[PDB]
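Structure at a glance
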Amino acid sequence: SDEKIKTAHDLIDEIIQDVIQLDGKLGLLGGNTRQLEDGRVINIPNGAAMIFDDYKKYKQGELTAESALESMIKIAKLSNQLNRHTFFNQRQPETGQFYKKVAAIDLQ
């Protein structure tokens, strides 16, 4: 897939919005919950939480914009790999779609 052309912020923003939309009636069993920077309680898969923390680092200054993006891509591939394996039915299709977009990092 062509790399195309986009800013780091635009790509990061695209995935963040998807995560927010992904939030739903899903309870603790469905996944873990984290407090939004705005102070809004949201629910997302444990994997979503992992990248969420990475985002915070970009703000904290612990990680760079590209470093945070890079970290998300590597873990995204691992998550996608597990999804590809069997017993993928256990995971929700909506969550699978999110991982696919992250791995295929194309703003388009």
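Here goes a summary of the coordinates provided.

Before going further, it helps to examine the overall build of the chain. Counting secondary structure elements, the chain contains 4 helices and 2 strands. The order of α-helices and β-strands along the chain, N terminus first, is α-β-β-α-α-α. Oriented by its inertia axes, the alpha-carbon framework of the chain measures out at about 35 × 35 × 20 Å. Counting all 108 residues of the chain, 29% fall into the buried class. When contacts within the chain are restricted to residue pairs at least 6 apart in sequence, those whose partners lie at least 24 apart make up 50%. For the chain, the accessible surface area stands at approximately 7700 Å², while carbon and sulfur atoms represent 54% of it. Taken together, the 14 basic and 16 acidic charged side chains of the chain have centroids lying 6 Å from each other.

About the cut-offs
Residues numbered from 1 in each chain as written, not as in the entry; some residues may be left out. Heavy atoms only, no water. Helix = DSSP H or I, 4+ residues; strand = E, 2+ residues; numbered from the N terminus. Buried < 20%, exposed > 50% of the residue type's maximum accessible area, 1.4 Å probe, protein only. Contact = heavy atoms within 4.5 Å. Areas by Shrake-Rupley, 256 points an atom, 1.4 Å probe, with all protein chains shown as cover. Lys, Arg positive; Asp, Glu negative; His and termini not counted. Charge placed at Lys NZ, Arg CZ, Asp CG, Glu CD.

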